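Q: Okay, here's the structure, questions in a sec.
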Amino acid sequence: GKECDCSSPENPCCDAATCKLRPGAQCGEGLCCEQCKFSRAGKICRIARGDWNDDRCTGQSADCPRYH
């Protein structure tokens, strides 16, 4: 599988030995993740352009997906 919580091998929020959150933070990298923390759900992890469901950052998500 793949547990690379982050993509940077120098990030303090993740770990290179296991490519995953090293500290007790809540994320290694994303658009809705404070310095080692999960933003608050109901947040905007992106901005669609016409009609659909925005990428409301979840209370357990740090990056942002994409529907359109």
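Using the numbering of Swiss-Prot, the residues shown for chain A are 408-475, in order.
Technique stated in the header: solution NMR.
Each residue, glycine too, has its Cβ placed from N, Cα and C.
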Q: Name the residue from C439, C440, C443, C471 that Swiss-Prot records as disulfide-bonded to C464.
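A: When Swiss-Prot is consulted, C464 turns out to be bridged to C439.
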Q: Which one, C421, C426, is listed by Swiss-Prot as the other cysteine in the disulfide with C413?
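A: Disulfide partner per Swiss-Prot record: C421.
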Q: Within 10 Å of the Cβ of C471 (disulfide bond), how many other Cβ atoms can you find? Include all protein chains, please.
A: 18
Q: For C464 (disulfide bond) and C434 (disulfide bond), what Cα-Cα distance in Å is obtained after rounding to a whole number?
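A: A Cα-Cα distance of 12 Å.
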Q: At the level of the C-alpha atoms, what whole-angstrom distance separates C440 (disulfide bond) and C421 (disulfide bond)?
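A: Cα of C440 (disulfide bond) to Cα of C421 (disulfide bond) measures 13 Å after rounding.
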